[PDB]
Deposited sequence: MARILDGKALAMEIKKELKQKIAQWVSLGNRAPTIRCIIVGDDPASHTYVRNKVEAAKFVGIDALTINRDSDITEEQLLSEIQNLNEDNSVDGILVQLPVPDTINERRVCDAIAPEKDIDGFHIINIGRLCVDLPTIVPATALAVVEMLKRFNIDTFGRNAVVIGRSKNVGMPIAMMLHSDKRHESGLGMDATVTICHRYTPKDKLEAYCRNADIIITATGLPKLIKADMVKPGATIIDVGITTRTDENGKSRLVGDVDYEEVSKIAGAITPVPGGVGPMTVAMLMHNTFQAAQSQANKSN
């Protein structure tokens, strides 16, 4: 039976450490980190997600405030509120909850947030720094996956890693970090040999890559199935949980083969929220330094 990579319990460990580190930094003469989460509409799932971010902020000592807007807000109104938060020195981090209406161009929204306050790390400047393997604000779900590997002592250096999914918000940043060079200034250097599989990878080729992989990360929103015959004995399987939501792994059979595996549910959600808190603390420190 594989070791369980329980992201919920790890997130608790991380949130406890963050609580202490934030208090120490505040005690040097700093204001506690602040985050503003913009919510557009009344999607009940988007409100659950924002409440989770707020509850974790309270736990670690970050001051969070939710700004609710109506589904009919115009793009010009949303960008106007972001630019106001950009210029407000009492705000360290800005998030936009990511089901925004079809009226609004998501790309313009991501790039309107000041990079220094872009807790989601989706601004092109932050993505650019990630991809040249430079210190930046890294997207939280990708950072969560990387943190699960590091905290569970999963060997990446020179190992074969397959990432199933190339999404710009999740799959691409995961692959980029997995093949980072440790020596570079970024320091998020895992040095794995990474194969990026995606919606057009043929089934038989995907299975061959998976059979030779030491690590498989399923990040795609399209239905994939990792079966036991795709898994190298002792390999590490992380299901990111992108998808209402479903699981991408034949857990019962793959657990008999894999060396380490995400449970069902995987806790990647709680890990993502903990990494958002990490990013808010990181941003607050950078701004205080500059």
No C-alpha coords for deposited residues 244 to 252, 300 to 301
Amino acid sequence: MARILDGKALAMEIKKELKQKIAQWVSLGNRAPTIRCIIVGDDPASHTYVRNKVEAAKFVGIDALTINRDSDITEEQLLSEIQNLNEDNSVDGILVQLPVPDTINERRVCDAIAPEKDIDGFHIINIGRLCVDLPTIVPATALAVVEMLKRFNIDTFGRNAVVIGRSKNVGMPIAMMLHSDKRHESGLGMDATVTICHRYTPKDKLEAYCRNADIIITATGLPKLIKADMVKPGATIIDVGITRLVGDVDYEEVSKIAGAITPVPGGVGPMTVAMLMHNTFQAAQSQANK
From here on, numbers count along this sequence of modelled residues.
96 to 104 or 194 to 202, whichever carries the higher mean Cα B-factor = 96 to 104
In the PDB record, does 129 to 137 or 73 to 81 carry the higher mean Cα temperature factor?
-> 73 to 81
For the listed residues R31, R36, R51, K232, which one has the largest C-alpha B-factor as given in the deposited model?
-> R51
Between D181, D120, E185, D155, which one tops the list for C-alpha B-factor in the PDB entry?
-> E185
Here the Cα B-factor of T66, set against its chain, lands in the third termed highest
According to the PDB entry, is the CA B factor of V26 in the bottom, middle or top third of its chain, that is, lowest, middle or highest?
-> middle
Where the record places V268 (Cα B-factor, split into thirds across the chain) | middle
By its CA B factor, does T236 count among the lowest, middle or highest third of the modelled residues in the chain?
-> lowest
According to the PDB entry, is the CA B factor of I14 in the bottom, middle or top third of its chain, that is, lowest, middle or highest?
-> middle
